[PDB]
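What follows is the content of query19.txt, which has compact mmCIF, C-alpha atoms:
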```
# COMPACT_ATOMS: atom_id res chain seq x y z
CA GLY A 170 -11.68 -8.35 36.65
CA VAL A 171 -8.90 -6.17 35.26
CA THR A 172 -8.69 -5.59 31.51
CA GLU A 173 -5.39 -4.86 29.76
CA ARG A 174 -4.74 -4.56 26.03
CA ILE A 175 -1.38 -4.70 24.25
CA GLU A 176 -1.88 -3.09 20.83
CA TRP A 177 0.33 -3.44 17.79
CA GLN A 178 -0.33 -1.98 14.36
CA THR A 179 0.22 -4.51 11.56
CA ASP A 180 -1.14 -3.76 8.10
CA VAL A 181 -1.85 -6.77 5.88
CA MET A 182 -2.47 -6.40 2.14
CA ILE A 183 -4.30 -9.33 0.54
CA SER A 184 -4.50 -9.49 -3.25
CA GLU A 185 -7.51 -10.65 -5.25
CA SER A 186 -6.05 -14.18 -5.27
CA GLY A 187 -5.38 -14.21 -1.52
CA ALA A 188 -1.65 -13.54 -1.78
CA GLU A 189 -0.77 -11.69 1.42
CA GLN A 190 1.66 -8.95 2.44
CA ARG A 191 2.84 -8.18 5.96
CA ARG A 192 3.97 -4.95 7.61
CA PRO A 193 4.32 -4.41 11.38
CA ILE A 194 3.75 -0.69 11.91
CA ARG A 195 4.56 -0.39 15.62
CA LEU A 196 8.02 -1.51 16.71
CA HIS A 197 6.89 -1.70 20.34
CA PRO A 198 3.15 -2.11 20.96
CA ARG A 199 1.32 0.73 22.66
CA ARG A 200 -0.13 -0.39 25.98
CA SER A 201 -3.49 0.35 27.59
CA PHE A 202 -5.02 -0.61 30.93
CA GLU A 203 -8.56 -0.69 32.30
CA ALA A 204 -10.17 -1.44 35.64
CA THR A 205 -13.50 -0.97 37.42
CA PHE A 206 -13.20 1.45 40.35
CA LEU A 207 -15.73 1.27 43.19
CA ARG A 208 -14.97 3.79 45.94
CA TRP A 209 -16.79 5.67 48.68
CA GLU A 210 -16.34 7.54 51.96
CA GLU A 211 -13.37 9.79 51.15
CA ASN A 212 -11.97 7.31 48.60
CA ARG A 213 -14.57 8.34 46.03
CA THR A 214 -13.61 11.95 46.77
CA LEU A 215 -9.94 11.14 46.24
CA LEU A 216 -10.64 9.42 42.92
CA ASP A 217 -12.93 12.22 41.74
CA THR A 218 -10.53 15.03 42.64
CA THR A 219 -7.48 13.28 41.19
CA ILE A 220 -9.19 12.28 37.94
CA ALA A 221 -10.74 15.72 37.45
CA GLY A 222 -7.33 17.29 38.01
CA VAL A 223 -5.53 14.96 35.61
CA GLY A 224 -8.16 14.78 32.88
CA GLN A 225 -5.78 14.10 29.99
CA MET B 1 3.99 12.67 -26.96
CA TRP B 2 4.16 13.89 -23.37
CA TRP B 3 0.76 15.35 -24.24
CA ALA B 4 -0.32 11.75 -24.87
CA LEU B 5 0.91 10.81 -21.39
CA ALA B 6 -0.70 13.99 -20.03
CA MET B 7 -4.05 12.74 -21.37
CA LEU B 8 -3.51 9.51 -19.41
CA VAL B 9 -6.32 10.86 -17.18
CA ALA B 10 -8.81 10.80 -20.06
CA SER B 11 -12.07 8.83 -20.13
CA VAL B 12 -10.90 6.72 -23.09
CA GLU B 50 -8.26 13.60 -29.10
CA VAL B 51 -10.11 16.06 -31.32
CA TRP B 52 -9.75 19.69 -30.24
CA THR B 53 -11.19 23.10 -31.11
CA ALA B 54 -9.61 26.16 -29.53
CA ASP B 55 -7.70 29.40 -30.04
CA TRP B 56 -4.18 30.02 -28.79
CA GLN B 57 -2.53 31.74 -25.86
CA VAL B 58 0.25 33.76 -27.45
CA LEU B 59 3.63 32.06 -27.81
CA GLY B 60 6.89 33.02 -29.50
CA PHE B 61 5.75 32.65 -33.12
CA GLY B 62 5.12 36.20 -34.38
CA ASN B 63 8.24 36.75 -36.42
CA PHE B 64 10.52 39.72 -36.87
CA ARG B 65 13.94 38.02 -36.50
CA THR B 66 14.82 34.61 -37.91
CA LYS B 67 16.36 32.25 -35.35
CA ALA B 68 18.17 29.18 -36.66
CA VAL B 69 18.76 28.49 -32.95
CA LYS B 70 17.04 29.68 -29.80
CA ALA B 71 18.76 32.76 -28.41
CA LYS B 72 15.55 33.51 -26.50
CA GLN B 73 14.32 37.07 -26.96
CA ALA B 74 13.27 40.25 -25.22
CA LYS B 75 9.62 41.14 -24.66
CA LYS B 76 9.45 44.96 -24.87
CA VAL C 343 -2.35 -1.38 -10.71
CA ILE C 344 -2.55 -1.86 -6.94
CA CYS C 345 0.92 -2.87 -5.77
CA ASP C 346 2.47 -3.90 -2.46
CA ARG C 347 6.07 -3.06 -1.52
CA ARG C 348 7.24 -4.83 -4.69
CA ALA C 349 7.76 -1.70 -6.83
CA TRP C 350 8.90 0.83 -4.21
CA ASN C 351 11.86 1.69 -6.44
CA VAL C 352 9.70 1.81 -9.57
CA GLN C 353 9.56 5.41 -10.76
CA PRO C 354 7.27 7.06 -13.33
CA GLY C 355 8.53 6.17 -16.79
CA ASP C 356 9.87 2.77 -15.75
CA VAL C 357 8.92 -0.44 -17.54
CA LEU C 358 7.45 -3.66 -16.15
CA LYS C 359 5.55 -6.73 -17.31
CA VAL C 360 2.14 -7.68 -15.89
CA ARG C 361 0.32 -11.02 -16.12
CA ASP C 362 -3.23 -12.00 -15.12
CA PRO C 363 -3.68 -15.19 -17.16
CA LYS C 364 -6.18 -17.14 -15.04
CA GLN C 365 -8.76 -14.44 -14.22
CA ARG C 366 -8.54 -11.69 -16.85
CA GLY C 367 -6.70 -13.72 -19.50
CA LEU C 368 -4.16 -11.08 -20.55
CA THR C 369 -0.96 -12.47 -22.02
CA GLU C 370 2.09 -11.20 -20.15
CA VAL C 371 2.17 -7.66 -21.52
CA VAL C 372 4.90 -5.04 -21.10
CA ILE C 373 3.69 -1.68 -19.79
CA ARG C 374 5.11 1.80 -19.27
CA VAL C 375 4.91 3.22 -15.76
CA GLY C 376 3.21 6.59 -15.35
CA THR C 377 1.83 8.28 -12.24
CA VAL C 378 2.72 6.55 -8.97
CA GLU C 379 1.16 7.15 -5.53
CA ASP C 380 3.66 6.13 -2.86
CA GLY C 381 1.98 4.97 0.34
CA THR C 382 2.24 6.01 3.98
CA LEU C 383 3.62 3.92 6.82
CA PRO C 384 0.09 2.47 7.12
CA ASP C 385 -1.92 1.12 4.15
CA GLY C 386 1.15 -0.43 2.57
CA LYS C 387 0.23 -0.42 -1.09
CA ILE C 388 1.26 1.85 -3.97
CA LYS C 389 -1.03 2.71 -6.87
CA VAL C 390 0.76 2.62 -10.23
CA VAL C 391 -0.85 4.24 -13.26
CA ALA C 392 0.53 2.43 -16.28
CA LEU C 393 0.26 2.83 -20.05
CA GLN C 394 0.81 0.45 -22.95
CA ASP C 395 4.18 0.49 -24.68
CA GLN C 396 5.46 3.72 -26.20
CA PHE C 397 7.86 4.03 -29.13
CA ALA C 398 10.91 5.91 -30.36
CA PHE C 399 11.59 7.52 -33.74
CA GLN C 400 11.93 5.47 -36.92
CA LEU C 401 11.51 5.73 -40.69
CA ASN C 402 8.20 4.90 -42.39
CA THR C 403 7.36 7.68 -44.87
CA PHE C 404 9.55 9.55 -47.36
CA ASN C 405 7.87 12.95 -47.02
CA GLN C 406 10.55 15.31 -48.30
CA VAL C 407 8.41 17.78 -50.25
CA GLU C 408 11.56 19.33 -51.74
CA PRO C 409 10.04 22.61 -52.98
CA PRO C 410 11.09 23.90 -56.43
CA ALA D 507 6.82 -47.29 13.58
CA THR D 508 3.79 -47.43 15.87
CA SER D 509 0.50 -49.25 16.19
CA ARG D 510 -2.71 -47.57 15.08
CA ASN D 511 -3.71 -47.38 18.77
CA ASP D 512 -0.69 -45.26 19.72
CA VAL D 513 -2.04 -41.74 19.09
CA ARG D 514 -4.27 -39.08 20.64
CA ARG D 515 -5.34 -37.13 17.54
CA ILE D 516 -4.13 -36.19 14.07
CA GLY D 517 -5.14 -32.53 14.36
CA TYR D 518 -4.29 -30.19 11.51
CA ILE D 519 -1.49 -27.64 11.86
CA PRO D 520 -2.00 -25.27 8.90
CA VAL D 521 -0.16 -22.02 8.29
CA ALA D 522 -1.88 -19.60 10.66
CA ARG D 523 -1.72 -15.88 11.37
CA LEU D 524 -3.21 -14.08 14.37
CA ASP D 525 -6.29 -12.16 13.29
CA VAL D 526 -6.92 -9.20 15.59
CA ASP D 527 -4.41 -6.40 16.09
CA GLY D 528 -4.94 -5.66 19.80
CA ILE D 529 -5.06 -8.51 22.29
CA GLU D 530 -7.59 -8.32 25.12
CA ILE D 531 -6.27 -10.05 28.25
CA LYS D 532 -8.63 -10.39 31.22
CA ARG D 533 -6.60 -10.23 34.45
CA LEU D 534 -9.08 -11.53 37.00
CA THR D 535 -6.16 -11.39 39.45
CA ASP D 536 -2.53 -10.30 39.55
CA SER D 537 0.02 -12.00 37.28
CA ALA D 538 0.11 -14.94 39.71
CA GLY D 539 -3.18 -16.35 38.38
CA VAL D 540 -6.07 -16.00 35.95
CA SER D 541 -4.98 -14.17 32.77
CA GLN D 542 -7.15 -15.75 30.08
CA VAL D 543 -7.12 -14.53 26.47
CA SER D 544 -9.28 -15.07 23.38
CA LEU D 545 -6.88 -15.17 20.41
CA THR D 546 -8.21 -15.64 16.86
CA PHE D 547 -6.06 -17.40 14.27
CA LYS D 548 -6.51 -16.98 10.51
CA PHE D 549 -5.24 -20.03 8.63
CA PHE D 550 -4.23 -19.66 4.99
CA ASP D 551 -1.30 -20.24 2.62
CA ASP D 552 1.52 -17.74 2.17
CA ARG D 553 1.95 -17.37 -1.58
CA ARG D 554 3.99 -14.32 -2.60
CA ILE D 555 7.44 -15.25 -3.91
CA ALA D 556 10.09 -12.58 -3.36
CA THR D 557 12.54 -12.10 -6.21
CA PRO D 558 13.57 -8.60 -5.05
CA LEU D 559 13.26 -5.91 -7.71
CA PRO D 560 16.72 -5.71 -9.34
CA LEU D 561 18.92 -2.65 -9.81
CA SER D 562 17.38 -0.74 -6.91
```
Show this structure as structure tokens.
Amino acid sequence: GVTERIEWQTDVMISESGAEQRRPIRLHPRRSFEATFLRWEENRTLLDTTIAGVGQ
Amino acid sequence: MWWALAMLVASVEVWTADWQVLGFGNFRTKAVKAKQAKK
Amino acid sequence: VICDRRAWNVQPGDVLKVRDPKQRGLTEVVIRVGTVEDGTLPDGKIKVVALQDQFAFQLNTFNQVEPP
Amino acid sequence: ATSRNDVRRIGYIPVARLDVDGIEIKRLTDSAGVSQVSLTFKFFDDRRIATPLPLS
């Protein structure tokens, strides 16, 4: 399975009596992706070298 | 009364202190503030 | 007072009326606005330090010593 | 006008608001297929009445 998350930021202020306030903080949500990588036999080496080079 | 608003941080007004010199010591009457030198 | 974006224009020294009749039982009092802590783009709310009504000058006593 | 035996359910539709900020979508395959999600809805009543502060 492949996991993807679409993240907004939306602060909500709720009073003592439950009265609520609304504020979207991100105009366009920031996007993140995830996947499980299983590689070997010169594909593991490719992934390792590329990821070590990129880093951040 | 801006002192009263300044003490808005209090935990609730008696005081006991000496003064940091101000423009009181008199040698020239001033019916209006013309400021003054300092020597 | 913890406030949402309902008093963003309110500035220290302003005046407003607060009412909590069904929990604290205070009867619609008018208050003077003091220190205000405007919020960031997150967290929304503004903290308003407020003080009971102040007053102007007026005449009560007749203290004119009128030296001789 | 309908008979009593003319309905599926009378399910409630209260005022709802999505709970979590970031949505986790599990893409078991490409967009062509399985993309299930686990939304959470917070049902309440919106109470604040906006009489905008005058003389801004």
message: At a cut-off of 8 Å, using all atoms listed in the file, what residues contact region 381-389 of chain C? Leave out same-chain residues fewer than 6 positions from it and give the result as a list in words.
response: residues 180, 181, 182, 192 and 194 of chain A; 343, 344, 345, 346, 347, 349 and 350 of chain C
- request: Select all residues near (11.6, -11.3, -2.6) (cut-off 12 Å, inclusive, file coordinates), counting all atoms listed in the file, and output them as a ChimeraX atom specification.
  value: /A:190 /C:346-349 /D:553-560
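Those residues of chain C that fall within 10 Å of chain B when using only C-alpha atoms read residues 376, 377, 391, 392, 393, 396 and 397 of chain C.
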- request: Quote the spacing between CA of residue 171 (chain A) and CA of residue 206 (chain A) in Å to one decimal place.
  value: 10.1 Å
task: Could you check how far CA of residue 212 (chain A) sits from CA of residue 224 (chain A), in Å to one decimal?
output: 17.8 Å
query: What does the distance from CA of residue 406 (chain C) to CA of residue 68 (chain B) come to in Å, to one decimal?
result: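 Separation of CA of residue 406 (chain C) and CA of residue 68 (chain B): 19.6 Å.
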- prompt: If you count only C-alpha atoms, which residues fall within 9 Å of residue 533 (chain D), apart from same-chain ones fewer than 4 positions away, as an MDAnalysis selection string?
  reply: (chainID A and resid 170:173) or (chainID D and resid 537 539:542)
Would you give me, as a tab-separated table (two decimals) with C-alpha atoms, in the coordinates of the input, the residues of chain D that come within 9 Å of chain A, using all atoms listed in the file?
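Contents of the output file out09.tsv:
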```tsv
chain	number	residue	atom	x	y	z
D	527	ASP	CA	-4.41	-6.40	16.09
D	528	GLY	CA	-4.94	-5.66	19.80
D	529	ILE	CA	-5.06	-8.51	22.29
D	530	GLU	CA	-7.59	-8.32	25.12
D	531	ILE	CA	-6.27	-10.05	28.25
D	532	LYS	CA	-8.63	-10.39	31.22
D	533	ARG	CA	-6.60	-10.23	34.45
D	534	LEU	CA	-9.08	-11.53	37.00
D	535	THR	CA	-6.16	-11.39	39.45
D	536	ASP	CA	-2.53	-10.30	39.55
D	550	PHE	CA	-4.23	-19.66	4.99
D	551	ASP	CA	-1.30	-20.24	2.62
D	552	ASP	CA	1.52	-17.74	2.17
D	553	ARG	CA	1.95	-17.37	-1.58
D	554	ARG	CA	3.99	-14.32	-2.60
```
Complete region 344-358 of chain C at the level of N, CA, C and O atoms, written as a PDB file, keeping the file's coordinate frame.
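Output contents, as saved in selection-v5.pdb:
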```pdb
ATOM      1  N   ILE C 344      -2.769  -1.915  -8.384  1.00  0.00           N
ATOM      2  CA  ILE C 344      -2.550  -1.860  -6.940  1.00  0.00           C
ATOM      3  C   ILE C 344      -1.353  -2.745  -6.630  1.00  0.00           C
ATOM      4  O   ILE C 344      -1.351  -3.936  -6.957  1.00  0.00           O
ATOM      5  N   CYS C 345      -0.333  -2.169  -5.998  1.00  0.00           N
ATOM      6  CA  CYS C 345       0.920  -2.870  -5.770  1.00  0.00           C
ATOM      7  C   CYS C 345       1.331  -2.766  -4.309  1.00  0.00           C
ATOM      8  O   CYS C 345       1.147  -1.725  -3.671  1.00  0.00           O
ATOM      9  N   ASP C 346       1.889  -3.855  -3.794  1.00  0.00           N
ATOM     10  CA  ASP C 346       2.470  -3.900  -2.460  1.00  0.00           C
ATOM     11  C   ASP C 346       3.891  -3.330  -2.540  1.00  0.00           C
ATOM     12  O   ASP C 346       4.258  -2.687  -3.527  1.00  0.00           O
ATOM     13  N   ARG C 347       4.706  -3.559  -1.512  1.00  0.00           N
ATOM     14  CA  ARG C 347       6.070  -3.060  -1.520  1.00  0.00           C
ATOM     15  C   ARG C 347       6.940  -3.929  -2.423  1.00  0.00           C
ATOM     16  O   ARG C 347       7.983  -4.437  -2.002  1.00  0.00           O
ATOM     17  N   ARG C 348       6.504  -4.096  -3.671  1.00  0.00           N
ATOM     18  CA  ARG C 348       7.240  -4.830  -4.690  1.00  0.00           C
ATOM     19  C   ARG C 348       7.828  -3.904  -5.742  1.00  0.00           C
ATOM     20  O   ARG C 348       8.729  -4.320  -6.479  1.00  0.00           O
ATOM     21  N   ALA C 349       7.348  -2.663  -5.818  1.00  0.00           N
ATOM     22  CA  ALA C 349       7.760  -1.700  -6.830  1.00  0.00           C
ATOM     23  C   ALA C 349       8.137  -0.369  -6.180  1.00  0.00           C
ATOM     24  O   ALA C 349       8.018   0.688  -6.803  1.00  0.00           O
ATOM     25  N   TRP C 350       8.592  -0.409  -4.924  1.00  0.00           N
ATOM     26  CA  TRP C 350       8.900   0.830  -4.210  1.00  0.00           C
ATOM     27  C   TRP C 350       9.958   1.644  -4.941  1.00  0.00           C
ATOM     28  O   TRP C 350       9.923   2.879  -4.902  1.00  0.00           O
ATOM     29  N   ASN C 351      10.903   0.981  -5.610  1.00  0.00           N
ATOM     30  CA  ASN C 351      11.860   1.690  -6.440  1.00  0.00           C
ATOM     31  C   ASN C 351      11.272   2.147  -7.767  1.00  0.00           C
ATOM     32  O   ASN C 351      11.763   3.125  -8.341  1.00  0.00           O
ATOM     33  N   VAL C 352      10.239   1.463  -8.266  1.00  0.00           N
ATOM     34  CA  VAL C 352       9.700   1.810  -9.570  1.00  0.00           C
ATOM     35  C   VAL C 352       9.303   3.278  -9.577  1.00  0.00           C
ATOM     36  O   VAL C 352       8.644   3.778  -8.656  1.00  0.00           O
ATOM     37  N   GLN C 353       9.714   3.974 -10.630  1.00  0.00           N
ATOM     38  CA  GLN C 353       9.560   5.410 -10.760  1.00  0.00           C
ATOM     39  C   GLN C 353       8.815   5.703 -12.049  1.00  0.00           C
ATOM     40  O   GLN C 353       8.961   4.955 -13.024  1.00  0.00           O
ATOM     41  N   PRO C 354       7.995   6.752 -12.091  1.00  0.00           N
ATOM     42  CA  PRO C 354       7.270   7.060 -13.330  1.00  0.00           C
ATOM     43  C   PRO C 354       8.197   7.030 -14.538  1.00  0.00           C
ATOM     44  O   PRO C 354       9.310   7.556 -14.508  1.00  0.00           O
ATOM     45  N   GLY C 355       7.734   6.379 -15.602  1.00  0.00           N
ATOM     46  CA  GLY C 355       8.530   6.170 -16.790  1.00  0.00           C
ATOM     47  C   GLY C 355       9.214   4.826 -16.857  1.00  0.00           C
ATOM     48  O   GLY C 355       9.713   4.455 -17.927  1.00  0.00           O
ATOM     49  N   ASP C 356       9.254   4.087 -15.752  1.00  0.00           N
ATOM     50  CA  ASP C 356       9.870   2.770 -15.750  1.00  0.00           C
ATOM     51  C   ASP C 356       9.052   1.809 -16.606  1.00  0.00           C
ATOM     52  O   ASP C 356       7.991   2.149 -17.139  1.00  0.00           O
ATOM     53  N   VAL C 357       9.561   0.588 -16.747  1.00  0.00           N
ATOM     54  CA  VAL C 357       8.920  -0.440 -17.540  1.00  0.00           C
ATOM     55  C   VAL C 357       8.803  -1.707 -16.704  1.00  0.00           C
ATOM     56  O   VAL C 357       9.696  -2.037 -15.918  1.00  0.00           O
ATOM     57  N   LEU C 358       7.686  -2.410 -16.869  1.00  0.00           N
ATOM     58  CA  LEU C 358       7.450  -3.660 -16.150  1.00  0.00           C
ATOM     59  C   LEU C 358       6.447  -4.486 -16.939  1.00  0.00           C
ATOM     60  O   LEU C 358       5.741  -3.976 -17.812  1.00  0.00           O
TER      61      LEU C 358
END
```
